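Participant: Next up, protein-v8.txt (compact mmCIF, C-alpha atoms and all ligand atoms).
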# COMPACT_ATOMS: atom_id res chain seq x y z
CA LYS A 1 143.93 55.27 -34.30
CA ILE A 2 144.14 52.99 -37.39
CA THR A 3 142.28 49.64 -37.33
CA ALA A 4 142.27 49.41 -41.19
CA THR A 5 144.59 46.52 -42.32
CA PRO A 6 146.14 45.69 -45.77
CA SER A 7 143.48 45.00 -48.46
CA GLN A 8 142.94 44.58 -52.18
CA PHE A 9 143.31 48.08 -53.80
CA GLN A 10 139.87 49.83 -54.19
CA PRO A 11 139.76 51.92 -57.45
CA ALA A 12 138.65 55.59 -57.41
CA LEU A 13 135.99 55.94 -60.18
CA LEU A 14 134.89 59.05 -62.10
CA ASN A 15 131.24 57.71 -62.49
CA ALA A 16 129.72 60.16 -59.85
CA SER A 17 132.03 63.06 -60.72
CA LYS A 18 131.24 66.34 -62.61
CA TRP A 19 133.24 68.59 -64.96
CA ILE A 20 133.52 72.12 -63.51
CA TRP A 21 134.67 75.52 -64.77
CA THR A 22 133.76 79.20 -63.99
CA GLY A 23 130.52 79.64 -66.02
CA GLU A 24 132.05 82.71 -67.75
CA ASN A 25 130.20 81.04 -70.68
CA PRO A 26 126.77 80.02 -69.25
CA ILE A 27 126.62 77.21 -71.89
CA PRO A 28 128.14 74.05 -70.33
CA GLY A 29 130.80 72.61 -72.68
CA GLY A 30 130.63 75.97 -74.55
CA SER A 31 133.59 78.05 -75.89
CA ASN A 32 135.87 79.58 -73.27
CA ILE A 33 138.84 81.96 -73.62
CA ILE A 34 142.48 80.97 -72.96
CA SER A 35 142.67 81.37 -69.18
CA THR A 36 143.79 79.88 -65.83
CA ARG A 37 141.11 79.49 -63.11
CA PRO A 38 141.19 78.34 -59.49
CA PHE A 39 138.99 75.71 -57.79
CA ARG A 40 138.92 74.87 -54.04
CA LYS A 41 136.92 72.57 -51.79
CA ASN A 42 137.40 72.16 -48.04
CA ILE A 43 136.32 68.55 -47.26
CA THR A 44 135.66 67.45 -43.60
CA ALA A 45 135.81 63.86 -42.22
CA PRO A 46 132.44 62.40 -41.07
CA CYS A 47 131.67 62.10 -37.30
CA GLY A 48 134.29 60.15 -35.23
CA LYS A 49 136.27 59.01 -38.36
CA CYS A 50 139.86 60.17 -39.19
CA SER A 51 140.94 60.55 -42.81
CA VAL A 52 144.36 58.91 -43.41
CA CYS A 53 145.03 59.13 -47.17
CA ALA A 54 143.39 59.40 -50.64
CA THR A 55 143.47 57.91 -54.13
CA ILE A 56 142.82 60.73 -56.62
CA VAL A 57 141.86 60.59 -60.33
CA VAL A 58 141.88 63.98 -62.13
CA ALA A 59 141.23 64.90 -65.81
CA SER A 60 141.32 68.31 -67.45
CA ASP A 61 140.53 70.22 -70.60
CA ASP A 62 143.26 71.33 -71.11
CA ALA A 63 145.61 71.12 -68.07
CA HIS A 64 145.71 71.10 -64.23
CA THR A 65 147.90 71.52 -61.16
CA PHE A 66 146.59 69.68 -58.08
CA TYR A 67 147.21 70.88 -54.45
CA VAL A 68 146.34 69.30 -51.10
CA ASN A 69 146.52 71.51 -47.92
CA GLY A 70 148.72 73.93 -49.92
CA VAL A 71 151.20 71.27 -51.30
CA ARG A 72 151.58 70.66 -55.12
CA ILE A 73 150.81 66.86 -55.54
CA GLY A 74 150.93 66.81 -59.39
CA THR A 75 150.57 68.46 -62.80
CA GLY A 76 148.79 66.86 -65.80
CA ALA A 77 146.69 67.47 -68.93
CA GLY A 78 143.98 65.79 -70.98
CA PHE A 79 140.40 64.50 -70.77
CA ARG A 80 140.65 61.15 -72.60
CA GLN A 81 142.55 59.47 -69.72
CA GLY A 82 142.67 60.48 -66.03
CA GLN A 83 145.85 60.99 -63.96
CA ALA A 84 146.32 58.94 -60.72
CA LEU A 85 147.71 60.78 -57.63
CA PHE A 86 148.20 59.52 -54.02
CA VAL A 87 148.40 61.75 -50.91
CA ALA A 88 148.43 61.59 -47.08
CA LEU A 89 145.63 63.68 -45.44
CA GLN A 90 145.02 65.69 -42.21
CA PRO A 91 142.66 63.77 -39.91
CA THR A 92 139.51 66.07 -39.83
CA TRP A 93 139.60 68.48 -42.82
CA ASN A 94 141.52 68.77 -46.12
CA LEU A 95 141.69 71.67 -48.58
CA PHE A 96 141.79 70.42 -52.23
CA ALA A 97 142.77 73.12 -54.73
CA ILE A 98 143.21 72.87 -58.51
CA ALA A 99 144.46 75.41 -61.06
CA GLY A 100 142.84 74.55 -64.44
CA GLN A 101 143.97 76.04 -67.76
CA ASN A 102 142.13 76.37 -71.04
CA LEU A 103 144.89 76.44 -73.70
CA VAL A 104 142.85 76.64 -76.98
CA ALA A 105 140.76 79.76 -77.84
CA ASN A 106 136.97 79.23 -78.38
CA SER A 107 137.27 75.67 -76.91
CA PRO A 108 135.55 73.97 -73.97
CA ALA A 109 137.19 74.04 -70.49
CA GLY A 110 136.75 71.80 -67.44
CA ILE A 111 138.25 69.93 -64.50
CA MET A 112 136.99 66.58 -63.17
CA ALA A 113 138.29 64.75 -60.10
CA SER A 114 137.38 61.89 -57.84
CA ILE A 115 138.95 61.80 -54.34
CA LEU A 116 138.59 58.40 -52.65
CA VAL A 117 139.36 59.11 -48.93
CA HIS A 118 140.43 56.12 -46.76
CA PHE A 119 139.47 56.50 -43.04
CA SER A 120 141.22 55.11 -39.88
CA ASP A 121 138.48 52.51 -39.37
CA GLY A 122 138.90 50.87 -42.80
CA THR A 123 135.94 52.63 -44.52
CA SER A 124 136.21 54.86 -47.65
CA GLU A 125 134.18 57.65 -49.25
CA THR A 126 134.44 59.32 -52.72
CA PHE A 127 134.26 63.14 -52.99
CA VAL A 128 134.01 64.77 -56.47
CA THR A 129 134.30 68.03 -58.34
CA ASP A 130 130.80 69.65 -58.41
CA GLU A 131 128.89 72.95 -57.94
CA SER A 132 129.87 72.95 -54.18
CA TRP A 133 133.52 73.83 -55.18
CA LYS A 134 134.55 77.55 -55.17
CA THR A 135 136.14 79.36 -58.13
CA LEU A 136 136.88 82.92 -59.39
CA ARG A 137 136.19 84.41 -62.81
CA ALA A 138 139.85 85.57 -62.93
CA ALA A 139 143.43 84.27 -62.78
CA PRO A 140 144.18 82.48 -59.49
CA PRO A 141 145.42 84.85 -56.69
CA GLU A 142 148.94 84.42 -55.22
CA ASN A 143 148.55 81.52 -52.68
CA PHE A 144 144.91 80.60 -53.76
CA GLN A 145 145.85 76.98 -52.83
CA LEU A 146 146.86 77.70 -49.15
CA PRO A 147 144.34 76.96 -46.37
CA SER A 148 145.05 80.49 -45.05
CA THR A 149 143.27 81.98 -48.20
CA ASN A 150 139.59 82.91 -47.34
CA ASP A 151 137.29 81.65 -50.20
CA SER A 152 134.04 82.80 -48.44
CA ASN A 153 133.20 85.42 -51.12
CA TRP A 154 134.28 83.22 -54.11
CA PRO A 155 131.52 82.14 -56.54
CA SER A 156 130.32 78.55 -56.89
CA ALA A 157 131.91 76.43 -59.70
CA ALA A 158 129.62 75.89 -62.77
CA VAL A 159 129.00 72.25 -63.82
CA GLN A 160 130.08 71.69 -67.47
CA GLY A 161 128.90 68.09 -67.74
CA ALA A 162 128.69 64.69 -65.99
CA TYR A 163 130.74 61.48 -66.51
CA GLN A 164 128.25 59.96 -69.00
CA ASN A 165 126.77 63.25 -70.37
CA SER A 166 129.39 65.85 -71.48
CA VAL A 167 131.25 67.12 -74.56
CA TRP A 168 134.22 65.07 -73.31
CA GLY A 169 132.68 61.60 -72.86
CA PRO A 170 133.81 59.25 -70.05
CA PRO A 171 137.60 59.54 -69.32
CA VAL A 172 139.46 56.15 -69.17
CA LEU A 173 140.92 55.41 -65.71
CA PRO A 174 144.74 55.14 -65.77
CA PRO A 175 146.50 52.11 -64.30
CA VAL A 176 146.79 52.28 -60.41
CA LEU A 177 150.64 52.43 -60.90
CA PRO A 178 152.95 52.01 -63.91
CA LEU A 179 155.09 48.87 -64.42
CA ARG A 180 157.10 50.87 -67.01
CA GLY A 181 159.94 51.91 -64.74
CA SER A 182 160.12 48.54 -62.84
CA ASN A 183 162.19 45.40 -63.56
CA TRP A 184 161.49 41.70 -63.51
CA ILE A 185 163.97 40.41 -60.87
CA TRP A 186 165.06 37.00 -59.66
CA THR A 187 167.99 35.21 -57.98
CA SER A 188 171.14 34.98 -60.12
CA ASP A 189 170.40 31.23 -60.86
CA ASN A 190 168.01 32.76 -63.55
CA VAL A 191 170.25 32.28 -66.68
CA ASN A 192 169.59 31.74 -70.48
CA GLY A 193 165.82 32.52 -70.16
CA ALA A 194 164.92 29.95 -67.47
CA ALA A 195 165.40 29.41 -63.74
CA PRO A 196 165.17 26.31 -61.55
CA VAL A 197 161.83 25.08 -60.17
CA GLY A 198 161.59 26.43 -56.59
CA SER A 199 160.86 29.34 -54.20
CA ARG A 200 163.04 32.44 -53.86
CA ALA A 201 162.66 35.37 -51.46
CA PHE A 202 163.15 39.10 -52.02
CA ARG A 203 163.39 42.01 -49.56
CA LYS A 204 163.27 45.78 -49.74
CA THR A 205 163.37 48.17 -46.74
CA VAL A 206 162.30 51.83 -46.90
CA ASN A 207 163.42 53.94 -43.90
CA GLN A 208 163.22 57.76 -44.23
CA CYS A 209 163.85 58.37 -40.47
CA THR A 210 163.16 62.16 -40.74
CA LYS A 211 159.66 61.68 -42.36
CA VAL A 212 156.32 60.10 -41.42
CA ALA A 213 155.15 57.36 -43.86
CA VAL A 214 151.31 56.91 -44.01
CA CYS A 215 149.97 54.55 -46.80
CA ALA A 216 151.49 52.36 -49.53
CA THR A 217 149.94 51.13 -52.79
CA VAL A 218 151.60 48.01 -54.18
CA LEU A 219 151.30 46.65 -57.72
CA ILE A 220 152.82 43.17 -58.17
CA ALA A 221 152.94 40.14 -60.48
CA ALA A 222 155.13 37.02 -60.61
CA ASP A 223 156.06 34.17 -62.96
CA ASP A 224 154.63 31.78 -61.54
CA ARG A 225 153.21 32.94 -58.15
CA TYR A 226 154.06 35.10 -55.06
CA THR A 227 153.10 35.87 -51.48
CA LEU A 228 153.68 39.43 -50.30
CA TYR A 229 154.48 40.55 -46.69
CA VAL A 230 154.85 44.04 -45.15
CA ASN A 231 156.60 44.27 -41.71
CA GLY A 232 156.06 40.47 -41.44
CA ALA A 233 152.26 40.52 -41.99
CA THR A 234 150.62 38.79 -45.03
CA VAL A 235 149.27 41.31 -47.60
CA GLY A 236 148.23 38.79 -50.29
CA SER A 237 149.30 36.34 -52.97
CA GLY A 238 148.78 35.80 -56.69
CA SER A 239 149.56 33.22 -59.36
CA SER A 240 149.40 35.19 -62.66
CA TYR A 241 152.14 36.75 -64.79
CA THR A 242 149.44 38.27 -67.12
CA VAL A 243 147.10 39.89 -64.48
CA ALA A 244 148.81 42.05 -61.80
CA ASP A 245 147.43 42.47 -58.21
CA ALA A 246 147.14 45.85 -56.41
CA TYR A 247 147.05 46.30 -52.62
CA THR A 248 146.56 49.19 -50.17
CA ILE A 249 148.60 49.22 -46.90
CA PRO A 250 146.77 51.90 -44.88
CA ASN A 251 148.70 51.23 -41.58
CA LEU A 252 152.44 51.68 -42.45
CA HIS A 253 154.98 52.06 -39.60
CA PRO A 254 155.89 55.78 -39.61
CA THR A 255 159.64 55.42 -40.36
CA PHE A 256 160.58 51.80 -41.18
CA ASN A 257 158.80 49.39 -43.54
CA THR A 258 160.00 46.04 -45.00
CA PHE A 259 158.43 44.45 -48.13
CA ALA A 260 159.15 40.75 -48.51
CA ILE A 261 158.11 38.35 -51.31
CA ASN A 262 158.16 34.59 -51.52
CA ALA A 263 157.99 34.00 -55.35
CA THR A 264 157.82 30.46 -56.82
CA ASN A 265 158.93 29.19 -60.29
CA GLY A 266 156.85 26.18 -61.49
CA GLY A 267 159.16 25.80 -64.52
CA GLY A 268 160.86 27.72 -67.35
CA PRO A 269 161.27 31.53 -67.15
CA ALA A 270 160.75 33.23 -63.76
CA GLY A 271 160.52 36.78 -62.41
CA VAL A 272 158.81 39.05 -59.94
CA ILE A 273 157.95 42.69 -60.70
CA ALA A 274 156.48 45.39 -58.46
CA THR A 275 155.89 49.13 -58.06
CA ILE A 276 155.30 50.65 -54.59
CA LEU A 277 154.20 54.21 -53.89
CA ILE A 278 154.55 55.44 -50.27
CA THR A 279 152.80 58.66 -49.15
CA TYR A 280 154.32 60.92 -46.45
CA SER A 281 152.46 63.32 -44.03
CA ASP A 282 154.18 66.37 -45.65
CA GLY A 283 152.35 65.65 -48.97
CA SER A 284 155.44 64.09 -50.63
CA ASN A 285 155.69 60.48 -51.82
CA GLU A 286 158.28 58.04 -53.08
CA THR A 287 158.20 55.22 -55.67
CA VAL A 288 160.12 51.97 -55.13
CA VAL A 289 160.44 49.44 -57.99
CA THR A 290 161.87 45.90 -58.26
CA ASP A 291 165.54 46.46 -59.15
CA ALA A 292 169.10 45.40 -58.06
CA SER A 293 168.74 47.30 -54.65
CA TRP A 294 166.44 44.48 -53.57
CA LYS A 295 168.05 41.52 -51.72
CA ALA A 296 167.29 37.96 -52.83
CA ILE A 297 168.14 34.45 -51.58
CA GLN A 298 167.86 30.98 -53.23
CA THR A 299 167.08 28.95 -50.04
CA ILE A 300 164.40 30.78 -48.06
CA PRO A 301 165.28 30.96 -44.32
CA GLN A 302 162.74 30.79 -41.38
CA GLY A 303 161.61 34.39 -40.72
CA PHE A 304 162.60 35.66 -44.30
CA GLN A 305 159.60 38.09 -43.87
CA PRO A 306 160.42 39.74 -40.38
CA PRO A 307 161.49 43.37 -40.61
CA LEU A 308 164.90 43.23 -38.84
CA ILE A 309 166.55 39.86 -39.78
CA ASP A 310 170.24 39.50 -40.65
CA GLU A 311 170.53 39.81 -44.46
CA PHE A 312 174.04 38.24 -44.44
CA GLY A 313 174.20 35.79 -47.39
CA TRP A 314 171.35 37.52 -49.30
CA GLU A 315 172.60 38.65 -52.78
CA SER A 316 171.64 41.73 -54.82
CA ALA A 317 168.58 40.68 -56.89
CA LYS A 318 169.34 40.09 -60.59
CA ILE A 319 167.49 42.28 -63.18
CA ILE A 320 166.04 39.77 -65.71
CA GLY A 321 164.89 42.83 -67.76
CA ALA A 322 162.90 46.12 -67.68
CA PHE A 323 159.08 45.75 -67.87
CA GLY A 324 158.32 44.93 -71.54
CA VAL A 325 160.99 42.27 -72.20
CA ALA A 326 160.08 38.85 -73.66
CA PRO A 327 158.73 36.51 -72.72
CA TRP A 328 156.10 38.39 -70.69
CA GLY A 329 155.79 41.51 -72.93
CA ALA A 330 154.02 44.84 -72.21
CA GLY A 331 150.38 43.51 -72.03
CA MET A 332 150.05 43.01 -68.19
CA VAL A 333 146.40 43.70 -67.12
CA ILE A 334 146.81 46.40 -64.38
CA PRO A 335 143.89 47.42 -62.05
CA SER A 336 142.40 50.93 -62.67
CA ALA A 337 143.33 53.79 -60.20
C1 LIG B 1 154.66 62.46 -55.87
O1 LIG B 1 155.13 63.78 -55.65
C2 LIG B 1 155.91 64.26 -56.76
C3 LIG B 1 156.69 65.47 -56.22
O2 LIG B 1 155.74 66.33 -55.60
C4 LIG B 1 155.06 64.61 -58.04
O3 LIG B 1 156.10 65.02 -59.08
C5 LIG B 1 157.35 65.54 -59.54
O4 LIG B 1 155.95 65.92 -59.76
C6 LIG B 1 155.43 66.13 -61.09
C7 LIG B 1 153.88 66.18 -61.23
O5 LIG B 1 153.29 65.01 -61.80
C8 LIG B 1 156.05 65.08 -61.96
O6 LIG B 1 155.48 65.19 -63.26
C9 LIG B 1 157.52 65.43 -62.08
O7 LIG B 1 158.04 64.66 -63.17
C10 LIG B 1 158.29 65.18 -60.78
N1 LIG B 1 159.61 65.83 -61.08
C11 LIG B 1 160.42 65.75 -62.27
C12 LIG B 1 160.30 64.78 -63.45
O8 LIG B 1 161.34 66.54 -62.50
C13 LIG B 1 154.12 63.39 -58.29
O9 LIG B 1 152.89 63.74 -58.93
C14 LIG B 1 153.63 62.68 -56.98
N2 LIG B 1 152.97 61.41 -57.23
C15 LIG B 1 151.72 61.26 -56.68
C16 LIG B 1 151.18 62.23 -55.74
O10 LIG B 1 150.98 60.37 -56.87
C1 LIG B 2 137.62 73.45 -43.33
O1 LIG B 2 136.50 73.22 -42.49
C2 LIG B 2 136.84 72.88 -41.14
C3 LIG B 2 135.65 72.27 -40.38
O2 LIG B 2 134.57 73.17 -40.52
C4 LIG B 2 137.48 74.11 -40.53
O3 LIG B 2 137.93 73.89 -39.17
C5 LIG B 2 137.20 74.25 -38.11
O4 LIG B 2 137.67 75.60 -38.21
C6 LIG B 2 137.12 76.39 -37.18
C7 LIG B 2 137.41 77.84 -37.51
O5 LIG B 2 138.82 77.94 -37.32
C8 LIG B 2 137.86 75.87 -35.95
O6 LIG B 2 137.72 76.73 -34.83
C9 LIG B 2 137.30 74.49 -35.65
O7 LIG B 2 137.95 74.03 -34.47
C10 LIG B 2 137.57 73.54 -36.83
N1 LIG B 2 136.79 72.30 -36.83
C11 LIG B 2 137.36 71.09 -37.05
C12 LIG B 2 136.49 69.86 -37.11
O8 LIG B 2 138.56 70.97 -37.21
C13 LIG B 2 138.71 74.40 -41.35
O9 LIG B 2 139.31 75.58 -40.91
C14 LIG B 2 138.44 74.62 -42.83
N2 LIG B 2 139.68 74.85 -43.52
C15 LIG B 2 139.86 75.77 -44.44
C16 LIG B 2 141.10 75.81 -45.28
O10 LIG B 2 138.99 76.53 -44.72
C1 LIG B 3 156.98 29.91 -50.40
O1 LIG B 3 155.79 29.71 -51.20
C2 LIG B 3 155.63 28.35 -51.65
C3 LIG B 3 154.45 28.38 -52.60
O2 LIG B 3 153.38 28.94 -51.90
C4 LIG B 3 155.45 27.39 -50.47
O3 LIG B 3 155.19 26.00 -50.79
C5 LIG B 3 154.73 24.72 -50.69
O4 LIG B 3 154.38 24.76 -49.28
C6 LIG B 3 154.02 23.51 -48.62
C7 LIG B 3 155.30 22.98 -48.01
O5 LIG B 3 155.47 23.80 -46.87
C8 LIG B 3 153.37 22.48 -49.54
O6 LIG B 3 152.48 21.50 -48.92
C9 LIG B 3 152.64 23.33 -50.55
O7 LIG B 3 151.60 22.54 -51.14
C10 LIG B 3 153.71 23.88 -51.51
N1 LIG B 3 153.12 24.61 -52.65
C11 LIG B 3 153.83 24.90 -53.75
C12 LIG B 3 153.06 25.67 -54.83
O8 LIG B 3 155.03 24.56 -53.81
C13 LIG B 3 156.71 27.57 -49.62
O9 LIG B 3 156.67 26.71 -48.51
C14 LIG B 3 156.64 29.03 -49.18
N2 LIG B 3 157.23 29.43 -47.90
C15 LIG B 3 158.47 29.36 -47.69
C16 LIG B 3 158.91 29.96 -46.39
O10 LIG B 3 159.08 28.83 -48.59
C1 LIG B 4 155.96 24.56 -67.44
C2 LIG B 4 156.59 25.89 -67.77
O1 LIG B 4 157.83 25.97 -67.95
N1 LIG B 4 155.71 26.89 -67.86
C3 LIG B 4 156.12 28.29 -68.10
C4 LIG B 4 155.46 29.33 -67.17
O2 LIG B 4 155.79 29.14 -65.74
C5 LIG B 4 155.97 30.71 -67.58
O3 LIG B 4 157.35 30.82 -67.06
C6 LIG B 4 155.95 30.97 -69.12
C7 LIG B 4 156.51 32.34 -69.44
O4 LIG B 4 156.46 32.65 -70.79
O5 LIG B 4 156.70 29.90 -69.79
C8 LIG B 4 155.85 28.74 -69.56
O6 LIG B 4 156.27 27.78 -70.47
CA CA B 5 140.05 73.58 -74.09
CA CA B 6 157.80 29.96 -64.85
Would you mind writing the file's structure down as structure tokens?

Facilitator:
Amino acid sequence: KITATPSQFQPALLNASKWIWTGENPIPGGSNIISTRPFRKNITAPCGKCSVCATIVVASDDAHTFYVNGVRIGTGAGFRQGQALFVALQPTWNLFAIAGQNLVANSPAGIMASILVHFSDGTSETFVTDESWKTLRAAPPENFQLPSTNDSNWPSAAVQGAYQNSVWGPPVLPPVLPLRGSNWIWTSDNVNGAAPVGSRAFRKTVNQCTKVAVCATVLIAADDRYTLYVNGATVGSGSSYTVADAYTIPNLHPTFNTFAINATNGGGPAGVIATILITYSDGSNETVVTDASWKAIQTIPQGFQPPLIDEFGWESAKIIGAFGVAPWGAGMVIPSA
């Protein structure tokens, strides 16, 4: 039962996290052979809380594959900048599994992750890579990542370093979501680099009726200002085209969700841009971006935000340009994952 409601996005940080490997070299940050190694941690929800979903940041020397409850969530590489991943969880326990690879001979090896778990009651807790994870001093077995594998006789992971004290130094958090990939959109009265003064509304429905949607993360900005709605409820508003806002929607409807925006032009150029990631209970996700599949209208009707209104006389939104175009450029300040 989910009493959490939409909120400002809360970043997962690496500050409390540790680098782990096998300890085949007992020197932390020491030379390691070219190898692939498994890591697993079964994490349980505290007393009378349900886990709903997680924000994950993972970094690796040299590369990783990340699994949750046996499902591949992502693949990445590199220790200078973390990789953001989002995943729906089982309510009481979750098996996290990572395959790490050292790709350069005589070089250090390590995995670091932070898992920020959101609970049904609106609280959060961060879990990290540390010596409580299990590993093997050998290539991962077939199906090492499945919950049905017994890791009772596996050794403990060896700590290679901490966030602020390691051969790697502190990895930079990635942006919560990319804007690269999204489009500034408006109504088709936006012509020759300017649009009229006024408010315009935009709508996007997601409806995968054979899946169960769990959480959304939304990244949004507008020239000049916006208010954002999900299934008719207020998520938030902003007034900056240089600093983007991020939100968590921890209580999605399971099959049908409507995002609606009232965006206002104070003068000159205008646009709204957003990226939305939706997590599903099977471990999959989908990304939605501002594009021409959104609907837009120039005079905002009463109830423009309700999920099931008649969209008759809404137009296809106009693409003003991909993220990066003048006048706004590529410099948007995006919150950290
Ligand atoms: C959402 O899930 C997808 C599918 O499981 C992940 O990716 C595909 O996944 C990899 C791993 O990062 C991407 O690099 C690929 O590019 C995708 N397929 C392609 C290009 O052919 C993705 O990591 C997930 N996003 C999350 C969990 O945040
Ligand atoms: C992760 O730990 C949980 C909690 O300890 C395990 O689930 C318990 O598993 C026992 C043994 O099957 C069950 O009989 C209990 O009913 C479960 N407790 C709860 C709170 O669900 C779980 O099996 C572990 N998962 C893996 C992959 O090892
Ligand atoms: C869309 O958003 C705009 C901007 O928030 C809303 O605008 C105005 O709302 C009131 C009139 O109802 C004024 O007293 C406000 O001061 C005014 N603010 C601005 C910046 O214009 C607009 O009403 C919104 N809602 C709809 C449904 O349009
Ligand atoms: C008064 C006016 O037009 N201000 C606009 C501002 O809203 C924004 O659109 C900016 C984009 O670069 O151009 C500015 O000149
Ligand atoms: Ca290495
Ligand atoms: Ca403007």

Participant: Between A:42, A:15, A:83, A:240, which one has atoms that come closest to residue A:337, using only C-alpha atoms?

Facilitator: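 With only C-alpha atoms as the atom set, the closest residue is A:83.
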
Participant: Leaving out residue A:74 and any residue of its chain fewer than 3 positions from it, which residues lie within 10 Å of it when counting all atoms listed in the file, given as a CSV table (one decimal) with C-alpha atoms, keeping the file's coordinate frame?

Facilitator:
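Dumped to part.csv:
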chain,number,residue,atom,x,y,z
A,58,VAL,CA,141.9,64.0,-62.1
A,64,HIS,CA,145.7,71.1,-64.2
A,65,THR,CA,147.9,71.5,-61.2
A,66,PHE,CA,146.6,69.7,-58.1
A,67,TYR,CA,147.2,70.9,-54.4
A,68,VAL,CA,146.3,69.3,-51.1
A,71,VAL,CA,151.2,71.3,-51.3
A,83,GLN,CA,145.8,61.0,-64.0
A,84,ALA,CA,146.3,58.9,-60.7
A,85,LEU,CA,147.7,60.8,-57.6
A,86,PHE,CA,148.2,59.5,-54.0
A,98,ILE,CA,143.2,72.9,-58.5

Participant: Using all atoms listed in the file, which protein or nucleic acid residues are at most 6 Å from ligand CA 5 (chain B), as a list in words?

Facilitator: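 For ligand CA 5 (chain B), the residues inside 6 Å are residues 61, 62, 102, 103, 104, 107, 108 and 109 of chain A.
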
Participant: Excluding residue A:220 and any residue of its chain fewer than 5 positions from it, enumerate the residues within 6 Å of it, using only C-alpha atoms, and give them as a VMD selection string.

Facilitator: chain A and resid 244 to 245 273 to 274

Participant: Just the selected residues (C-alpha atoms), exported as a PDB file, in the coordinates of the input, please.

Facilitator:
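selection08.pdb was written with the following content:
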ATOM      1  CA  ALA A 244     148.810  42.050 -61.800  1.00  0.00           C
ATOM      2  CA  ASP A 245     147.430  42.470 -58.210  1.00  0.00           C
ATOM      3  CA  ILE A 273     157.950  42.690 -60.700  1.00  0.00           C
ATOM      4  CA  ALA A 274     156.480  45.390 -58.460  1.00  0.00           C
TER       5      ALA A 274
END

Participant: Quick one: residues within 9 Å of stretch 315-328 of chain A, only C-alpha atoms counted, chain neighbours fewer than 2 positions away excluded, as a PyMOL selection string?

Facilitator: chain A and resi 179-191+193+202+223+241-242+269-271+273+290-297+311-313+330-332

Participant: So, with only C-alpha atoms and all ligand atoms as the atoms that count, which of A:283, A:232, A:198, A:307 lies closest to ligand CA 6 (chain B)?

Facilitator: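 Smallest separation from ligand CA 6 (chain B) among the options: A:198.
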
Participant: When distances are computed from all atoms listed in the file, which of A:310, A:121, A:286, A:224 shows the smallest separation from ligand LIG 4 (chain B)?

Facilitator: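 Between A:310, A:121, A:286, A:224, the residue approaching ligand LIG 4 (chain B) most closely is A:224.
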
Participant: Could you give me the axis-aligned bounding box of ligand LIG 2 (chain B), with 5 Å of padding per side, as centre plus edge lengths in Å to one decimal, as AutoDock Vina command-line options?

Facilitator:
--center_x 137.8 --center_y 73.9 --center_z -39.9 --size_x 16.5 --size_y 18.1 --size_z 20.8

Participant: Quick one: everything within 8 Å of residue A:259, counting all atoms listed in the file, minus sequence neighbours fewer than 4 positions away in the same chain. Send it as a list in words.

Facilitator: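 The residues satisfying every condition are residues 203, 204, 205, 228, 229, 230, 231 and 305 of chain A.
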
Participant: Please build the interface table for chain A against ligand LIG 3 (chain B) with a cut-off of 9 Å, listing for each qualifying residue the nearest atom pair and the distance in Å to one decimal; count all atoms listed in the file, order rows by chain and increasing number, and write it as a Markdown table.

Facilitator:
| residue | atom | partner | partner_atom | distance |
| --- | --- | --- | --- | --- |
| A:198 | CA | B:LIG3 | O8 | 7.4 |
| A:199 | CA | B:LIG3 | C1 | 5.5 |
| A:200 | CA | B:LIG3 | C1 | 7.4 |
| A:201 | CA | B:LIG3 | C1 | 7.9 |
| A:225 | CA | B:LIG3 | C3 | 7.3 |
| A:226 | CA | B:LIG3 | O1 | 6.9 |
| A:227 | CA | B:LIG3 | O1 | 6.7 |
| A:237 | CA | B:LIG3 | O2 | 8.5 |
| A:261 | CA | B:LIG3 | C1 | 8.6 |
| A:262 | CA | B:LIG3 | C1 | 5.0 |
| A:263 | CA | B:LIG3 | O1 | 6.4 |
| A:264 | CA | B:LIG3 | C3 | 5.8 |
| A:265 | CA | B:LIG3 | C12 | 8.8 |
| A:266 | CA | B:LIG3 | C12 | 7.7 |
| A:299 | CA | B:LIG3 | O10 | 8.1 |
| A:300 | CA | B:LIG3 | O10 | 5.7 |
| A:301 | CA | B:LIG3 | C16 | 6.8 |
| A:302 | CA | B:LIG3 | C16 | 6.4 |
| A:303 | CA | B:LIG3 | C16 | 7.7 |
| A:304 | CA | B:LIG3 | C16 | 7.1 |
| A:305 | CA | B:LIG3 | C16 | 8.5 |

Participant: Within 6 Å of stretch 111-118 of chain A, counting all atoms listed in the file, which residues qualify if same-chain residues fewer than 3 places away don't, as a list in words?

Facilitator: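 With the cut-off at 6 Å, the set is residues 12, 14, 18, 19, 20, 51, 52, 53, 54, 55, 56, 57, 58, 59, 60, 124, 125, 126, 127, 128 and 129 of chain A.
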
Participant: Would you mind listing the residues within 12 Å of ligand LIG 2 (chain B), counting all atoms listed in the file, as a PyMOL selection string?

Facilitator: chain A and resi 40-51+68-70+90-97+134+143-152

Participant: Report the distance between atom CA of residue A:243 and atom CA of residue A:221 in Å, rounded to one decimal place.

Facilitator: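 Separation of atom CA of residue A:243 and atom CA of residue A:221: 7.1 Å.
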
Participant: What does the structure give for the distance between atom CA of residue A:276 and atom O10 of ligand LIG 1 (chain B), in Å to one decimal?

Facilitator: 10.9 Å
